[PDB]
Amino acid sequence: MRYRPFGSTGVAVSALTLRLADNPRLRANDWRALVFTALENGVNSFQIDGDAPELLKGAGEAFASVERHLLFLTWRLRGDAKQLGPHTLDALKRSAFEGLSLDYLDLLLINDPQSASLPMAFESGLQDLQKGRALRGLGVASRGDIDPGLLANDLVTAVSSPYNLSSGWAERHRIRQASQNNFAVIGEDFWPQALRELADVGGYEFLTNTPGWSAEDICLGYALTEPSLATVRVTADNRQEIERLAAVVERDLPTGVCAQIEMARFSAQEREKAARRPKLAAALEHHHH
């Protein structure tokens, strides 16, 4: 395992971040063992994306097995950010601080409100948690452009964004600009469904025809080469998956794979212009006034 600085927090994070999300088949000791396995593969960054009592119990017990400062703990808070408030923060206190037995969270990762501001009572509660050292930073998850007025908020220290080997320059520019402005960036969706379909049929078929590599491992290896990502979020629900993903961190992508990734970006298909409808255009032109 390799380790990167998390933005300007001064905390080193493993190249992979393990997301823990509700799975009703899992009981508490499964969650504890999942985290134990991640720790044994050098993963110190965890993202809690669920709040079932068994998840909190097992995860909290595993986190307690190492000294707190060795871990980076993010709570993922979904829902319409514009509708968050004091009841949200009460729930966060029950789940994150009682459920996981934490004194502080490193990062609260919320949805992009698509606004320059947060609701007042929620932001005031966040400020309270920050001054109490119970919350060390706020992050914004987005699949588009986050309002710079929101990123300028003193609470906001991190962003989360998708990035994969078929991302274009808009997505790449978002992560690189955020990193150059000293935000920590968490990469998401290194292996999205659309790319799994492309890997089977078409220009990306090399992803399933490269000796010694799976398509998923190639997509992870590529995201791991991107300078602007502090860490790449992965989800794994058994030991074998954690071990394989962590193994990718120490491998080198073949240069021929890199060239095929670049080759594959080309796009040719164009459209002939669509039909004229002068009758329709004329009726619209002659609207009543």
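Don't overthink the numbering: it's just position in the shown sequence, from 1.
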Practice problem: Averaging only over Cα atoms, indicate whether 185-193 or 119-127 has the higher B-factor in the PDB entry. | Solution: 119-127
Quiz item: Which is higher in the entry, the mean Cα B factor of 53-61 or that of 217-225?
Solution: 53-61
Quiz item: Between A21, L18, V11, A268, which one tops the list for C-alpha B-factor in the PDB entry?
Solution: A268
Exercise. Name the residue from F72, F206, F97, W75 with the greatest C-alpha temperature factor listed in the entry.
Key: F97
Exercise. Report the third (lowest, middle or highest) to which the CA temperature factor of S167 belongs, ranking only the modelled residues of the same chain.
Key: lowest
Practice problem: Quick one: classify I110 as lowest, middle or highest third of the chain based on its Cα B-factor. | Solution: lowest
Quiz item: Taking the entry's C-alpha B-factors for this chain, is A152 in the lowest, middle or highest third?
Solution: highest
Practice problem: Pull the Cα B-factor of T37 out of the PDB entry and bin it into the chain's lowest, middle or highest third. | Solution: middle
Quiz item: Should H173 be placed in the lowest, middle or highest third of its chain by the C-alpha B factor in the entry?
Solution: lowest
